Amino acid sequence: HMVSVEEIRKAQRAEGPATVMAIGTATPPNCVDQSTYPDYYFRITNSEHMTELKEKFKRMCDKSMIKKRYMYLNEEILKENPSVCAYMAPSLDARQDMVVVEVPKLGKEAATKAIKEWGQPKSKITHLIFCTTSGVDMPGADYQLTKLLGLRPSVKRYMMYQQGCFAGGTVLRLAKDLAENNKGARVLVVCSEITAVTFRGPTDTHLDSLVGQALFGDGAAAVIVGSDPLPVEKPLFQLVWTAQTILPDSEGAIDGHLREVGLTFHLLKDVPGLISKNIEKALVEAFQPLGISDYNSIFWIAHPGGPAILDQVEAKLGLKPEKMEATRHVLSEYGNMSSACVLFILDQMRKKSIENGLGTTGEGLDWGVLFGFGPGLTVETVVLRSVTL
């Protein structure tokens, strides 16, 4: 018998839908209260002179709906590196020396918890996705993490550098295909974010860049994705359908330039406006095909870029305040951790469902949506199936 390329293909493909089998999360040790961040931020940047600007920054932190955030940077590390406290001093190398080491360390912690939950030999991992918006190096963070966890050296790696806030959707859209087209494929997915690359002192001039100093926080999340679960693997959610789109009238809305001064952020245009004006379209393309029109009847995981996005979406669509609970909880407790955020929220949804003894991992509901938002302006959509408890 001659082995045909067609016969190899039928034999090489998995059968069933891509399934999230574990979630692990992790943060750095230094916790930072939002209530007193203004006094702290303006103190440690030798910026007490700029008084009228401080009062604006209070309003920003007051409206932020963030209780606290975790950060690898502390006052110790800042004294050892004052170039990072300037608004615009040459400081990429100091910042790169931080994040190149630290992004894969925080990554490893999250991976360990996901692997433990999955409870299979780490040797059965076939594929690794590693996602970060905090520095770049060669070999990459994906390699550092392969070494740190001691995965099989012939693990298939996908390093996704410098993507931004929507990449939490991007990693699920990728993992979905790797699992569904490969029999026995077990995909480890890691998003790890460190605002050391982004942190700077303030100025009157670029107001946009001060909003970031109030929302962004550090965090890592890991998931395990695979098709055809063994009886001894515990499914959480199915990945069903995925979309990435660029919003119209959105050119230059969220910008990120990696410079000699580190990573800079620029807002033009009304991000919340743009997302809310265009959000029903994304929902229709996802859910019309399934015969679903009631957006209060599906569970919600939406990247919390700030509190304005969430409020303007809710208002536009007429979501009950319950639907953003899991999203608003992660925002309050951690802030905007960029790509990691939606994976944390997905954990928050599971934890709540178990806690209040609801019928499914998705607040007792069958179908759900995950949304990443970020530069483009890019919207990533993932349609989900809950699992029964």
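Numbering starts at 1 and runs along the sequence shown.
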{"item": "200 to 208 versus 223 to 231 - which carries the larger mean C-alpha B factor in the record", "value": "200 to 208"}
{"item": "Stretch exceeding the other in mean C-alpha B-factor - 173 to 181, 78 to 86", "value": "78 to 86"}
{"item": "Of the residues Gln348, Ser332, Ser35, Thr360, the one carrying the largest Cα B-factor as recorded", "value": "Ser35"}
{"item": "Most elevated Cα B-factor in the entry, residues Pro248, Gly168, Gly217, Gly291", "value": "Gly291"}
{"item": "Third of the chain's Cα B-factor distribution that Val187 belongs to, per the entry", "value": "lowest"}
{"item": "Ranked against its chain, the third holding the CA B-factor of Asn336", "value": "lowest"}
{"item": "Where the record places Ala11 (Cα B-factor, split into thirds across the chain)", "value": "highest"}
{"item": "For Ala326, the third of its chain into which the C-alpha B factor falls", "value": "lowest"}
{"item": "CA B-factor ranking of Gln244, expressed as a third of its chain", "value": "lowest"}
